[PDB]
Amino acid sequence: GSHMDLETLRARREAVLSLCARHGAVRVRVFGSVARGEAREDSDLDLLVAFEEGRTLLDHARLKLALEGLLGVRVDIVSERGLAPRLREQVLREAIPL
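Position 68, counted from 1, in the sequence shown is what the entry's author numbering calls 65; the numbers after and before it change by one each time, with no gaps.
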């Protein structure tokens, strides 16, 4: 592992999206500095996803763990729901569909 690069992120981002869709993630977009192409080896990965109906935290953990596994690096997932109204709106402005 290590050496995580945006160019490489797209590699997992593609598979992550496929699995994300399977786990229950429609709003698969990148929000934050990461989406802007900013994130050091000591930074976190902010991802804003929206879980449809039937999806439980179980899937979240599975996705979060799957993300960390595929990315082999810490991955922070956020749910539009738990999110905020003023934050969500702002998050969207950042959220980028890969």
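Even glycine gets a Cβ: it sits at the ideal position worked out from N, Cα and C.
With a Cβ-Cβ cutoff of 9 Å, do residue i and residue j count as a contact?
i: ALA22; j: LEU14; result: yes
i: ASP39; j: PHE28; result: no
i: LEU95; j: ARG24; result: no
i: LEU67; j: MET1; result: no
Which of the three DSSP states is assigned to residue i in this structure?
i: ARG26; result: strand
i: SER15; result: helix
i: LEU42; result: coil
i: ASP56; result: helix
i: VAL70; result: coil
Could you round the C-beta distance between residue i and residue j to whole angstroms and report it? I think they count as a contact, below 8 Å.
i: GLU91; j: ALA32; result: 6 Å
i: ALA47; j: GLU77; result: 4 Å
i: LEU6; j: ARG26; result: In fact, because the Cβ distance is near 13 Å, the residues do not count as touching under 8 Å.
i: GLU65; j: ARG71; result: 6 Å
Roughly how many angstroms separate the alpha carbons of residue i and residue j, rounded to a whole number?
i: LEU89; j: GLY(-2); result: 30 Å
i: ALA12; j: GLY79; result: 25 Å
i: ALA18; j: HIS57; result: 12 Å
i: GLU49; j: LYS61; result: 16 Å
i: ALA81; j: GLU35; result: 23 Å
i: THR53; j: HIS20; result: 10 Å
i: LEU84; j: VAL75; result: 11 Å
Would you say the beta carbon of residue i is closer than 8 Å to some non-hydrogen atom of the ligand SAM?
i: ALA8; result: With respect to the ligand SAM, the structure offers nothing, as it holds no ligand at all.
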